[PDB]
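> protein-v1.pdb is reproduced below (PDB, C-alpha atoms (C1' of nucleotides) and all ligand atoms).
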MODEL        1
ATOM      1  CA  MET A   1       1.557   1.072 -34.762
ATOM      2  CA  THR A   2       3.925   3.810 -33.565
ATOM      3  CA  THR A   3       2.748   5.646 -30.433
ATOM      4  CA  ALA A   4       5.803   6.525 -28.298
ATOM      5  CA  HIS A   5       6.561   9.450 -30.630
ATOM      6  CA  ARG A   6       3.399  11.288 -29.507
ATOM      7  CA  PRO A   7       2.870  15.008 -28.669
ATOM      8  CA  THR A   8       1.155  16.523 -25.606
ATOM      9  CA  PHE A   9      -2.474  15.747 -26.302
ATOM     10  CA  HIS A  10      -2.755  15.283 -22.513
ATOM     11  CA  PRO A  11      -2.516  18.419 -20.308
ATOM     12  CA  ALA A  12       0.625  19.333 -18.417
ATOM     13  CA  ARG A  13       0.421  19.686 -14.632
ATOM     14  CA  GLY A  14       2.827  20.427 -11.823
ATOM     15  CA  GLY A  15       3.232  21.769  -8.319
ATOM     16  CA  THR A  16       4.895  18.775  -6.637
ATOM     17  CA  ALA A  17       8.646  19.057  -7.348
ATOM     18  CA  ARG A  18      11.460  19.510  -4.814
ATOM     19  CA  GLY A  19      10.544  22.029  -2.126
ATOM     20  CA  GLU A  20       6.933  22.464  -3.313
ATOM     21  CA  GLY A  21       4.212  21.920  -0.719
ATOM     22  CA  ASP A  22       6.750  21.576   2.114
ATOM     23  CA  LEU A  23       9.819  23.753   2.719
ATOM     24  CA  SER A  24      11.844  20.868   4.205
ATOM     25  CA  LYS A  25      11.701  18.977   0.872
ATOM     26  CA  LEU A  26      14.468  21.160  -0.567
ATOM     27  CA  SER A  27      17.545  19.000  -0.954
ATOM     28  CA  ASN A  28      20.787  20.530   0.286
ATOM     29  CA  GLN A  29      22.131  20.418  -3.282
ATOM     30  CA  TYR A  30      21.091  23.773  -4.767
ATOM     31  CA  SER A  31      21.802  25.324  -8.147
ATOM     32  CA  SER A  32      24.625  27.757  -8.875
ATOM     33  CA  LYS A  33      22.251  30.682  -9.539
ATOM     34  CA  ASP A  34      20.351  30.053  -6.270
ATOM     35  CA  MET A  35      23.150  31.969  -4.464
ATOM     36  CA  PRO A  36      22.003  35.221  -2.786
ATOM     37  CA  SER A  37      22.110  38.087  -5.262
ATOM     38  CA  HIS A  38      20.770  41.618  -5.819
ATOM     39  CA  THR A  39      19.767  41.610  -2.174
ATOM     40  CA  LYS A  40      19.407  45.391  -1.716
ATOM     41  CA  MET A  41      16.000  46.053  -3.267
ATOM     42  CA  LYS A  42      15.682  49.135  -5.469
ATOM     43  CA  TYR A  43      12.617  51.369  -5.219
ATOM     44  CA  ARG A  44      11.307  54.231  -7.310
ATOM     45  CA  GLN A  45      12.141  57.697  -6.039
ATOM     46  CA  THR A  46       9.761  60.055  -4.272
ATOM     47  CA  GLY A  47       7.784  62.264  -6.633
ATOM     48  CA  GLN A  48       7.863  59.712  -9.498
ATOM     49  CA  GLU A  49       4.359  60.854 -10.623
ATOM     50  CA  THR A  50       2.826  58.601  -7.972
ATOM     51  CA  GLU A  51      -0.793  57.639  -8.609
ATOM     52  CA  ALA A  52      -2.597  59.889  -6.117
ATOM     53  CA  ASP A  53      -0.316  62.858  -6.795
ATOM     54  CA  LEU A  54      -0.681  62.133 -10.516
ATOM     55  CA  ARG A  55      -4.482  62.128 -10.085
ATOM     56  CA  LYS A  56      -4.194  65.555  -8.435
ATOM     57  CA  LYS A  57      -1.912  66.656 -11.348
ATOM     58  CA  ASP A  58      -5.133  66.223 -13.412
TER      59      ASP A  58
ATOM     60  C1'   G B   1      38.604  18.348  49.496
ATOM     61  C1'   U B   2      39.991  23.552  51.084
ATOM     62  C1'   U B   3      39.726  28.855  53.955
ATOM     63  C1'   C B   4      38.357  29.376  58.731
ATOM     64  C1'   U B   5      35.762  28.951  63.713
ATOM     65  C1'   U B   6      36.373  26.937  68.694
ATOM     66  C1'   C B   7      35.014  24.030  73.474
ATOM     67  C1'   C B   8      36.716  20.457  70.731
ATOM     68  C1'   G B   9      34.623  17.222  67.429
ATOM     69  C1'   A B  10      31.712  19.239  65.512
ATOM     70  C1'   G B  11      29.834  23.870  62.735
ATOM     71  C1'   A B  12      29.707  28.103  58.536
ATOM     72  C1'   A B  13      31.238  29.184  53.462
ATOM     73  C1'   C B  14      33.249  27.386  48.746
ATOM     74  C1'   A B  15      32.143  22.828  45.477
ATOM     75  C1'   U B  16      26.111  20.868  42.823
ATOM     76  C1'   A B  17      23.493  16.167  38.663
ATOM     77  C1'   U B  18      28.151  13.329  33.159
ATOM     78  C1'   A B  19      26.562   9.968  29.341
ATOM     79  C1'   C B  20      22.087   8.072  22.070
ATOM     80  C1'   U B  21      24.559   5.781  28.881
ATOM     81  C1'   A B  22      27.858  -1.060  25.594
ATOM     82  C1'   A B  23      34.208  -3.574  25.700
ATOM     83  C1'   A B  24      28.314  -5.414  23.403
ATOM     84  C1'   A B  25      24.074  -9.107  21.955
ATOM     85  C1'   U B  26      20.447  -8.686  18.362
ATOM     86  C1'   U B  27      17.763  -7.131  13.285
ATOM     87  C1'   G B  28      16.555  -5.219   7.847
ATOM     88  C1'   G B  29      19.136  -3.570   3.000
ATOM     89  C1'   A B  30      22.233  -2.480  -2.016
ATOM     90  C1'   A B  31      25.707  -4.627  -5.908
ATOM     91  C1'   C B  32      29.059  -8.910  -7.392
ATOM     92  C1'   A B  33      31.256 -12.844 -12.240
ATOM     93  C1'   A B  34      29.793 -15.615 -16.429
ATOM     94  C1'   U B  35      29.328 -21.701 -18.789
ATOM     95  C1'   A B  36      25.409 -21.224 -23.520
ATOM     96  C1'   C B  37      21.523 -18.821 -25.722
ATOM     97  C1'   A B  38      19.685 -14.570 -29.170
ATOM     98  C1'   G B  39      20.452  -9.961 -29.093
ATOM     99  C1'   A B  40      18.754  -3.757 -28.659
ATOM    100  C1'   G B  41      13.954   3.551 -31.625
ATOM    101  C1'   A B  42      10.767   5.019 -36.767
ATOM    102  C1'   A B  43       4.799   1.819 -42.671
ATOM    103  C1'   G B  44      12.115  -2.251 -47.467
ATOM    104  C1'   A B  45      17.379  -1.112 -45.991
ATOM    105  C1'   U B  46      21.730   2.357 -43.174
ATOM    106  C1'   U B  47      19.045   4.873 -39.662
ATOM    107  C1'   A B  48      20.002   9.965 -37.411
ATOM    108  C1'   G B  49      19.020  13.609 -33.606
ATOM    109  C1'   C B  50      15.378  16.690 -30.360
ATOM    110  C1'   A B  51      10.951  16.596 -27.885
ATOM    111  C1'   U B  52       6.516  14.507 -24.909
ATOM    112  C1'   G B  53       4.413  11.307 -19.754
ATOM    113  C1'   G B  54       5.543   9.118 -13.890
ATOM    114  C1'   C B  55       4.573   5.604  -7.689
ATOM    115  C1'   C B  56      11.654   4.807 -12.928
ATOM    116  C1'   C B  57      16.783   5.627 -12.024
ATOM    117  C1'   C B  58      22.587   6.537 -12.763
ATOM    118  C1'   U B  59      27.095   9.808 -13.619
ATOM    119  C1'   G B  60      27.640  15.093 -12.783
ATOM    120  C1'   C B  61      29.212  21.063  -8.656
ATOM    121  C1'   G B  62      25.099  21.748 -11.699
ATOM    122  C1'   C B  63      18.462  25.610 -14.025
ATOM    123  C1'   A B  64      25.108  22.607 -18.174
ATOM    124  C1'   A B  65      25.571  17.870 -20.339
ATOM    125  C1'   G B  66      25.875  12.586 -20.848
ATOM    126  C1'   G B  67      23.807   7.325 -19.772
ATOM    127  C1'   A B  68      20.599   3.277 -26.740
ATOM    128  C1'   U B  69      16.516   9.396 -28.240
ATOM    129  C1'   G B  70      19.151   6.491 -20.409
ATOM    130  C1'   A B  71      14.794   2.586 -20.301
ATOM    131  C1'   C B  72       9.520   2.485 -21.176
ATOM    132  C1'   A B  73       5.226   4.137 -24.710
ATOM    133  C1'   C B  74       3.664   0.440 -29.174
ATOM    134  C1'   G B  75      -4.475  -0.326 -29.878
ATOM    135  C1'   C B  76     -10.361  -4.765 -26.943
ATOM    136  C1'   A B  77      -8.989   3.273 -27.158
ATOM    137  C1'   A B  78     -17.056   2.667 -27.319
ATOM    138  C1'   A B  79     -17.071   6.676 -22.499
ATOM    139  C1'   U B  80     -23.759   9.732 -21.004
ATOM    140  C1'   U B  81     -27.825   5.851 -26.724
ATOM    141  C1'   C B  82     -31.074   3.616 -30.736
ATOM    142  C1'   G B  83     -34.373   3.024 -35.062
ATOM    143  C1'   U B  84     -36.413  -0.283 -38.615
ATOM    144  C1'   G B  85     -39.730  -3.752 -41.941
ATOM    145  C1'   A B  86     -40.364  -9.178 -44.045
ATOM    146  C1'   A B  87     -40.926 -14.548 -42.297
ATOM    147  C1'   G B  88     -41.875 -18.381 -38.403
ATOM    148  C1'   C B  89     -44.807 -18.923 -34.804
ATOM    149  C1'   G B  90     -49.020 -18.546 -30.656
TER     150        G B  90
HETATM  151 MG    MG C 101      20.052   7.518 -32.283
HETATM  152 MG    MG C 102      19.847  13.171 -23.267
HETATM  153 MG    MG C 103      23.256   9.124 -26.565
HETATM  154 MG    MG C 104      14.857  10.293 -23.054
ENDMDL
END
Can you turn what I pasted into structure tokens?

Amino acid sequence: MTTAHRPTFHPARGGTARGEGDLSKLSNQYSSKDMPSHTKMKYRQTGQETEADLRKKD
RNA sequence: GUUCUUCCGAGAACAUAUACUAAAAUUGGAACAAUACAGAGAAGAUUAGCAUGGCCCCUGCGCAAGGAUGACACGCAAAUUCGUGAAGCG
């Protein structure tokens, strides 16, 4: 019988790869996109119809 | 060891703790080249390719991509339990 060509009847699980569960388990090889980028965080301006002021604004 | 003190051969200050310390002696752990054999995924054959899984790697700068689809998988799969009437006995 053929059985190697099977789908995922069994559930997928994870949470144990490189650097998961312990921060020292990151290898010093890191991916090209793991470079620091977009490091200045944007925020929404003051008076953006913020929730409490919006609530007031019935 | 130096700049100074003098009663004279001593005194004050400056200077302040190197080194996985070995020229060694010991003790684990990987792949190498090839005589003969029989030889590489899918209900006949030629057989794609891409997936899926874990206490399996290798090449790669790599969330790219290759390594036979990289290899494997390839059936006792029972795993919460019964219910019935004939005929021997005794
Ligand atoms: Mg093929
Ligand atoms: Mg591949
Ligand atoms: Mg190939
Ligand atoms: Mg594969």
> I need the contact residues of chain A against chain B, so if you could list those with any atom within 12 Å, counting all atoms listed in the file, and return them as a list in words, that would help.
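Here they are: residues 1, 2, 3, 4, 5, 6, 7, 8, 9, 10, 11, 12, 13, 14, 29, 30, 31, 32, 33 and 34 of chain A.
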> To check your reading of the model: which residues sit at most 9 Å from ligand MG 103 (chain C) when counting all atoms listed in the file? Write the answer as number ranges by chain.
B: 66-70
> Just C-alpha atoms (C1' of nucleotides) for this one: save the residues we selected as a PDB file, in the coordinates of the input.

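Final output, selection-v7.pdb:
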ATOM      1  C1'   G B  66      25.875  12.586 -20.848  1.00  0.00           C
ATOM      2  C1'   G B  67      23.807   7.325 -19.772  1.00  0.00           C
ATOM      3  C1'   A B  68      20.599   3.277 -26.740  1.00  0.00           C
ATOM      4  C1'   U B  69      16.516   9.396 -28.240  1.00  0.00           C
ATOM      5  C1'   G B  70      19.151   6.491 -20.409  1.00  0.00           C
TER       6        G B  70
END
> Write out as a VMD selection string which residues come within 12 Å of residue 12 of chain B when counting all atoms listed in the file, dropping same-chain ones fewer than 3 positions away.
chain B and resid 3 to 5
> Which one is closest to ligand MG 102 (chain C): B:79, B:50, B:30, B:58? Count all atoms listed in the file.
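Smallest separation from ligand MG 102 (chain C) among the options: B:50.
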> Starting from the PyMOL selection byres (((chain B and resi 15) around 9) and not hetatm), expand the selection into actual residues of this file and give them as a list in words.
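That expression, the PyMOL selection byres (((chain B and resi 15) around 9) and not hetatm), corresponds here to residues 1, 14 and 16 of chain B.
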> Could you check the closest approach to ligand MG 101 (chain C) for each of B:2, B:59, B:81, B:47 and tell me which residue wins, using all atoms listed in the file?
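Using all atoms listed in the file, the shortest distance to ligand MG 101 (chain C) belongs to B:47.
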> Grab the atom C1' of residue 57 of chain B to atom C1' of residue 71 of chain B distance for me, in Å with one decimal place.
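Those two atoms sit 9.0 Å apart.
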